[PDB]
Amino acid sequence: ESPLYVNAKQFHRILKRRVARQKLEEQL
Amino acid sequence: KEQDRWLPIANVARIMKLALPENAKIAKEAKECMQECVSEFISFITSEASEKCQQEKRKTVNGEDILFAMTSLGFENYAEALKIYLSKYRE
Amino acid sequence: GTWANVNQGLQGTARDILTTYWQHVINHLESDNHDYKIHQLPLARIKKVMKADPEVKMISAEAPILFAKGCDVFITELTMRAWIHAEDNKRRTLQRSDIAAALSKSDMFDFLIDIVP
């Protein structure tokens with residue numbers, strides 16, 4: 001449902017995309 | 001500028017239709033989901049390439065940068081297949 | 001192997017079909033006589049998705065061209081993977097939950113966890 005560990009090659013980029021998406025959503 | 005984040009749904013749905021047998025239907029929410037998935041595919045890979053570019057103080061993201069990002073992020077099959085396409089485009 | 005993602009999480013007939021689709025893709029990409037003008041997804045819209053990222057500066061024409069091809073393949077293979085679940089439920093309509101089920105079969109799709117929880 002919500003795993004702690006995901007694809008090791010993708011994890012850090014996933015976190016970085018979450019930050020980027022939050023910034024975009026603030027802009028609206 | 002907000003709508004820039006997503007590929008056009010009509011084009012996405014068209015590719016989906018061709019991926020399915022002629023008798024198949026696609027739900028509204030499936031088309032929208034796919035639009036979001038493939039749009040994220042671009043942004044996810046692009047972000048990886050972009051950061052490497054920024055770190056190296058380079059200004060242009062090129063084809064090799066996309067392929068490199070693809071293999072870094074675990075899309076090795078995409079990177080290998082598209083390497084063919086890139087070299088052909090550059091000859 | 002470099003081709004592990006082609007059938008990761010797939011079994012039987014579904015495995016064979018996705019493998020065959022990838023062979024079809026590879027053979028196409030190895031082809032000459034490519035028209036770099038005609039795409040199912042517009043190069044300009046691909047480039048706009050890329051530029052939505054404020055970190056991106058200049059983009060070589062190569063990059064949207066590669067994404068145009070890669071995105072076609074991505075949509076097709078994910079749609080085909082999703083279709084397995086529709087057929088397993090004896091349905092002719094592809095639903096969102098079918099895409100969600102397909103995603104959970106391969107860790108290649110982990111990047112979509114926030115898009116399709």
# chains A, B, ... in the order shown; residues from 1 in each chain; ligands from 1
>>> closest_atom_pairs(of="chain C", to="chain B", cutoff="8 Å", atoms="only C-alpha atoms", output="tab-separated table")
residue	atom	partner	partner_atom	distance
C:2	CA	B:76	CA	5.5
C:3	CA	B:77	CA	5.2
C:4	CA	B:77	CA	7.6
C:5	CA	B:77	CA	6.6
C:6	CA	B:77	CA	7.3
C:25	CA	B:81	CA	7.9
C:26	CA	B:81	CA	5.8
C:29	CA	B:85	CA	5.3
C:30	CA	B:84	CA	6.0
C:32	CA	B:88	CA	7.6
C:40	CA	B:11	CA	6.3
C:41	CA	B:11	CA	6.0
C:45	CA	B:7	CA	6.1
C:46	CA	B:7	CA	6.8
C:48	CA	B:4	CA	5.3
C:49	CA	B:5	CA	4.7
C:50	CA	B:43	CA	6.1
C:52	CA	B:5	CA	5.9
C:53	CA	B:47	CA	7.3
C:55	CA	B:50	CA	6.4
C:56	CA	B:50	CA	5.6
C:57	CA	B:59	CA	5.9
C:58	CA	B:60	CA	4.5
C:59	CA	B:61	CA	4.9
C:60	CA	B:62	CA	4.8
C:61	CA	B:62	CA	7.6
C:62	CA	B:63	CA	4.9
C:63	CA	B:63	CA	4.8
C:66	CA	B:82	CA	6.7
C:67	CA	B:42	CA	7.0
C:69	CA	B:82	CA	7.9
C:70	CA	B:78	CA	6.8
C:71	CA	B:38	CA	6.4
C:72	CA	B:15	CA	6.9
C:74	CA	B:38	CA	6.9
C:75	CA	B:16	CA	6.5
C:76	CA	B:19	CA	5.2
C:77	CA	B:19	CA	7.7
C:79	CA	B:16	CA	6.0
C:80	CA	B:19	CA	6.1
C:83	CA	B:20	CA	7.4
C:92	CA	B:24	CA	5.1
C:93	CA	B:25	CA	4.3
C:94	CA	B:26	CA	4.7
C:95	CA	B:30	CA	5.1
C:96	CA	B:30	CA	4.3
C:99	CA	B:30	CA	7.3
C:108	CA	B:74	CA	6.4
C:111	CA	B:44	CA	7.6
C:112	CA	B:37	CA	6.6
C:115	CA	B:37	CA	6.7
C:116	CA	B:33	CA	7.5
>>> interface_residues(of="chain A", to="chain B", cutoff="7 Å", atoms="only C-alpha atoms", output="JSON, numbers by chain")
{"A": [9, 10, 13, 17]}
>>> select_by_dssp(residues="chain C", states="strand (DSSP E or B)", output="PyMOL selection string")
chain C and resi 58-59+93-94
>>> write_last_selection(atoms="N, CA and C atoms", output="tab-separated table (two decimals), in the first residue's frame")
chain	number	residue	atom	x	y	z
C	58	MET	N	18.15	24.83	-21.68
C	58	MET	CA	18.00	24.54	-23.10
C	58	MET	C	17.82	23.04	-23.35
C	59	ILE	N	17.09	22.71	-24.41
C	59	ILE	CA	16.82	21.31	-24.76
C	59	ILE	C	17.19	21.07	-26.22
C	93	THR	N	-13.92	-3.45	-21.09
C	93	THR	CA	-13.57	-2.05	-20.80
C	93	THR	C	-12.38	-1.95	-19.85
C	94	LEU	N	-11.32	-1.30	-20.32
C	94	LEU	CA	-10.13	-1.05	-19.50
C	94	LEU	C	-10.43	0.04	-18.47
>>> select_by_dssp(residues="chain C", states="alpha helix (DSSP H)", output="PyMOL selection string")
chain C and resi 12-30+43-51+62-88+96-103
>>> interface_residues(of="chain A", to="chain C", cutoff="8 Å", atoms="only C-alpha atoms", output="compact mmCIF listing (two decimals) with N, CA, C and O atoms, in the first residue's frame")
# COMPACT_ATOMS: atom_id res chain seq x y z
N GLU A 1 0.84 -1.23 0.00
CA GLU A 1 0.00 0.00 0.00
C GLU A 1 0.87 1.26 0.00
O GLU A 1 0.76 2.09 -0.90
N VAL A 6 11.32 1.31 -2.02
CA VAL A 6 10.88 1.15 -3.40
C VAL A 6 12.13 0.98 -4.27
O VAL A 6 13.25 1.01 -3.75
N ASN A 7 11.93 0.81 -5.57
CA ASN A 7 13.03 0.65 -6.53
C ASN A 7 14.23 1.52 -6.15
O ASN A 7 14.14 2.75 -6.16
N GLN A 10 15.21 4.42 -8.25
CA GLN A 10 14.19 5.46 -8.43
C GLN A 10 13.90 6.30 -7.19
O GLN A 10 13.36 7.41 -7.31
N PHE A 11 14.25 5.79 -6.01
CA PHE A 11 13.81 6.36 -4.74
C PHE A 11 14.11 7.85 -4.59
O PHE A 11 13.20 8.63 -4.30
N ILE A 14 12.22 10.03 -6.96
CA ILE A 14 10.83 10.10 -6.49
C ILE A 14 10.66 11.20 -5.44
O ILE A 14 9.74 12.00 -5.52
N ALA A 20 9.35 18.91 -6.13
CA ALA A 20 9.07 19.71 -7.31
C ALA A 20 7.56 19.87 -7.53
O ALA A 20 7.09 20.95 -7.89
>>> atom_distance(atom1="atom CA of residue 102 of chain C", atom2="atom CA of residue 89 of chain C")
13.5 Å
